[PDB]
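The structure under discussion appears below in the form of structure tokens.
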DNA sequence: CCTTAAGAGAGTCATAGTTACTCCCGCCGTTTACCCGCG
DNA sequence: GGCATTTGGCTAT
RNA sequence: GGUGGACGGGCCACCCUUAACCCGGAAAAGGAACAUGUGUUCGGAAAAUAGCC
DNA sequence: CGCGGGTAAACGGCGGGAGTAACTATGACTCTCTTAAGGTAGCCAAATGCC
Ligand SMILES: Cc1cn([C@H]2C[C@H](O)[C@@H](COP(=O)(O)OP(=O)(O)OP(=O)(O)O)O2)c(=O)[nH]c1=O
Ligand SMILES: [Mg+2]
Ligand SMILES: [Zn+2]
Ligand SMILES: [Zn+2]
Ligand SMILES: [Zn+2]
Ligand SMILES: [Zn+2]
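In the entry's author numbering, the protein residues as written are 1 to 265, 280 to 1121.
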């Protein structure tokens, strides 16, 4: 098993090779060095406490107190895990926390009264057999002449008065005939068809279009359209379809560019495999690295459907081409009438450009082989696109030559065994990008035209999952707290987009009110769509999409939401929801995943009835295998869970959730016992960091991948689950240790360096303990100020003002700064007010609500870093500097060793003698190859004579570089010209530049960053140094003007702006000045690294080569 | 060719907050089970 | 005319 | 003590042919699958609606 | 049989005091410190929208 090394041990011997390598830290290093892959653990010898990390046990030993393992003896023992407690309440608490199901069963048992004694001592000597016989006889003797006869005497030893008594127990006047149970048919939502004629005026949009086009023709307006086609359309042309098809074909042929041809630019040794892997990863790093992040983090390269193409063709022919019966939704109504005014204002090129800018730039093309890039290249002003889309909109036609689309299969499950079956493959359908853009524009217009029920949080402007998750959690929490019964059900529509019949969407776009013109446009957009599916290298014959909505067309989400809206509206109208105060919420929704809420079990029965009726009518099917639910009946002291019977969705037992069980919801793990199951963030984080560690992903690339691709995945779950600061801090320690291992930074490296952003000089590593609270506060503010009055009321009533205040304080905000959660939130539009008011609302970029941040925690990290006397000296120089910190983010030309050494230098944690002896009193910190008292980076790079040569070399090289720049800008250069002042001294200026008349005297110095004035003082020194050479300089060059600005350069890469003034005096343009400044910074840092390497070799390597 | 100084985080255990309940006490209100008048 | 302005990820479905 | 295991720290194998390896500041196919020893591939594969950082 | 009206005691439903297991959050302290090579060139971070 896992080998164990026990401490305290001054010089433990490794369990695998038995080498006395040193202290337990050195032993751990050696174990990771020569014994990787083999598990080791460290143990507390006096206490048998195990931990993989040696330092944990090392710090524990002093705190340890003998043999600390005695169990907490107590006469109340837990049945399952056998823990002992000294009080019944304590044992019940343990069973509650650890065994939620057992505690729930105990709660229900306590609730079940079962005293068999709730009478009141008034029970008599009546016999059950006599009771039953009297029951039968009076059923026989119902107020019919001679009504006692038998009753009086047949019951021997009784009186008719006793008969009256027992009847008064059961039946009062008579006996008790037992007849109970509720009625089944209580929905009645399948009648009263309403469709009579066109919802809106049949020419409601056609009349407006004719008026607008007449105005455009008369006044020669800017509305664009082919004259002949709209002229024929006005004239009632019979063959408008062919003519518009021809005009389309022409414009598309203009768009159907000859798209640029691809311009993308023993003997058995396993070395090849390794090389290949490295090559692959590095290539994916150089090219798109979202795929690299997916491959590494997820571990799945890419999953393709191995199912035979014949089977796929058969299934999708029987699915897409096969129709289903439709009859209308009956009483199911959808919110309210549709607003046709949204379809006024014909499409303008500005609107098309706005929509394109909001699309995905890198979208794969359809069968047209036309991408967004090509669309913009052909029509950068979108005038041709405006003409085409206006023609289609006015004529209500969409050419069939563009309907052709290509399909594909996507793995919707991560388990390859599940992927074996075809049911776990999602069919995507990608049409011509022109069609995608037109459908997106019509989708925006429709979304404004048809208002969806507010409870539908999917595919709308509100933040969806955040609102639904918070509302569900708060609903359950309030039900637990206020002793109100709650019943929750989670329902998913099967084949949401592939099972929605075109006739159903048409019906929804009927009496809703949508203009018949737009209804015709929609029907056309899903008429004669051919989607020949392609798998691997083989493509199926054409398949005619006659059922469902293309999974990938921009209008499909909106059409599905419109199709579902009657269901959500009916559920809301049923008023069976959770009675949250005066109002009551009935169903949260997100696309197809909808959760129904109720106040009683029978209320959820009614909701299930409504859902079943809707699924029967619309044709959508709800599978009971992915539907969950639970009930929260309350007790005196607490709540029971699932005390009632299971639900009967579609005549099948709904999968109820027991305490401790967790069924996922919007990526969460809703658990009836504790709301959301606490996510496994430590486990996922450890897995991801291990995957990154063991990849051909050189430390800098590892850090880039971590920062840019790993953290967000955990960010979502960490923020949406209330995640406390302690767990986030533990995750932060894990990430910090792993990152330091990647970059070989010593464990004691300042946290500020790790957490300050790359632009600020740090590594740009996210601090979860300081970011997740900020995101949480912002999310609470967003939910508080949501557009849904229901969500507002629900959340406000749960006193989330205090929660938001606590999160604001926790994130680092100030009590005073706390915004009033009810105050309006500033909205920005990324355009000037004049420009905004210059255009209509269809061309207006979507407004973005700006929510305040509790504090710039990165600024706090930088402030902490500066306060450190040793690991933050002179680090204010790199603050908010975009030049000196460029290399941290663009380090091509830095060898990985060079980049890591630069990180160490910048963080002031380079292992020098001063750093090695830092803190300890009994550890020499003198200079190893010199007599300086302290072996710091400043001395090593600026004072030690040992590296004198290297230092000179660095200076000289930098001078040469500047000279080269001056040569490029056509300046005559004099290098190190001897000059003796009036005092007959030796003053050499590094560079003398001559052009036209004026001459420039530039001296280059490289100074370590310690204090702000340092560079200023260097420049002054040079200014205070040459001066007196004025006359001499003239005689050397004949110049008429001379200047004496110096050229200081940061030893660690700082670029003072006085150097920018030097360059401006040189006449360099601003952008080239920025390029030169970045190049300098990087090259100065590289030469300082060279000096450090020369120092390291001096002495050490001298002794090694020469003992 | 240029500088003075020199912990800092990792880590555990102790103790207090606090979450979401559990236990018990006791009182007031509801239920149960006959009684009486009774046409 | 450069200038300037911006380039990235993730989650849900 | 010398070589081999791409290179370095090990650790192994041979005494030149080379079975397996761990870690790395090193590592851009002597692999896998086609095409008959020599070429290719060894996909950037994947769409949409919203939100969040 | 049906018709009401009275009935009054466990017990259960609830207000509230008293605990409490086990997280969660700081506070008070201690422990940690030599991983592994040598050279050379030092570059890639640009592309793109508007102007
Ligand atoms: C996951 C996903 C969903 N969607 C859309 C299309 C779906 O119809 C809709 C809901 O998705 P799902 O409900 O996750 O898919 P489904 O219900 O059709 O699968 P199943 O029958 O097994 O339950 O969201 C996408 O467009 N792209 C995606 O990647
Ligand atoms: Mg579904
Ligand atoms: Zn060992
Ligand atoms: Zn111990
Ligand atoms: Zn237990
Ligand atoms: Zn020295």
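Ideal placement from N, C-alpha and C gives every residue a C-beta, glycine not left out.
Item                                                                                                        : Value
Any non-hydrogen atom of ligand 7 closer than 7 Å to residue 59 Cβ                                          : The ligand content of the structure shown is limited to ligand 1, ligand 2, ligand 3, ligand 4, ligand 5 and ligand 6, which means ligand 7 is not among them.
6 Å CB neighbourhood of residue 154 in its chain, flanking five on each side removed                        : none
Boundaries of the alpha helix (DSSP H) in which residue 117 is found, first to last residue                 : That residue, residue 117, is in no alpha helix (DSSP H); it is neither H nor E in DSSP.
Cβ-Cβ distance between residue 1053 and residue 1073 below 8 Å                                              : no
Distance between beta carbons of residue 102 and residue 80, contact taken as under 8 Å                     : 7 Å
Counterpart residues of residue 76 in DSSP-defined beta bridges                                             : 85
Bridge partners - residue 502, DSSP secondary structure assignment                                          : 611 and 644
Residue 130 versus residue 120: straight-line alpha-carbon distance, rounded                                : 22 Å
8 Å Cβ shell around residue 41 - same chain, five flanking residues per side excluded                       : 2, 3, 4, 5, 50, 51 and 52
Reference residue 1076, options 538, 1066, 48 and 1014, closest by Cα                                       : 1014
Where residue 222 sits in the DSSP three-state scheme                                                       : coil
Heavy atom of ligand 3 within 7 Å of residue 34 beta-carbon                                                 : yes
Whole alpha helix (DSSP H) elements within the region 698-744, 4-residue minimum                            : 713-719 and 725-734
Closest by C-alpha distance to residue 692, when choosing among 210, 681 and 496                            : 681
Range of the contiguous beta strand (DSSP E) that encloses residue 601                                      : 601-604
Beta-carbon proximity check, residue 248 vs residue 413, cutoff 8 Å                                         : yes
Burial state of residue 694, where buried means 16 or more other Cβ atoms lie within 10 Å                   : exposed
Residue 238 versus residue 638 - alpha carbon distance                                                      : 51 Å
Within 8 Å, strictly: CB atoms of residue 859 and residue 368                                               : yes
DSSP state of residue 653 mapped onto helix, strand, coil                                                   : strand
Identified DSSP bridge partners for residue 1136                                                            : The structure shown does not extend to residue 1136, since the chain spans only 1 to 1121, so no value can be given for it.
Touching by the beta-carbon criterion (3+ pairs, under 8 Å), the region 863-880 and the region 774-793      : yes
Stretch pair the region 623-639 + the region 574-590: three plus CB contacts closer than 8 Å                : yes
Spatially closest choice to residue 275 from 672, 661 and 664, by CA coordinates                            : Position 265 is followed directly by 280 in the chain, which means residue 275 is not present among the coordinates.
Cβ neighbours of residue 531 in the same chain (closer than 6 Å, five flanking residues each side left out) : 205, 206 and 410
Any non-hydrogen atom of ligand 4 within 7 Å of residue 738 CB                                              : no
Beta-bridge pairing of residue 1024 - partner residues as DSSP gives them                                   : None; residue 1024 has no bridge partner.
Delimiting residues of the alpha helix (DSSP H) encompassing residue 59                                     : 54-63
Cβ-Cβ distance between residue 390 and residue 370 below 8 Å                                                : yes
Where residue 185 falls, given that 16 or more other Cβ within 10 Å makes a residue buried                  : exposed
Residue 424 CB to nearest heavy atom of ligand 2 below 7 Å                                                  : no
Beta strand (DSSP E) segment containing residue 3, residue limits                                           : 3-7
Cβ pair residue 537, residue 199 closer than 8 Å                                                            : no
Pocket of ligand 5 defined by Cβ to heavy atom distance under 6 Å                                           : 78, 80, 81, 83, 94, 98 and 99
Whole-angstrom distance between residue 726 and residue 488, CA atom to CA atom                             : 25 Å
Beta bridge counterpart(s) of residue 154 as assigned by DSSP                                               : The partner list for residue 154 (beta bridge, DSSP) is empty, contrary to what the question assumes.
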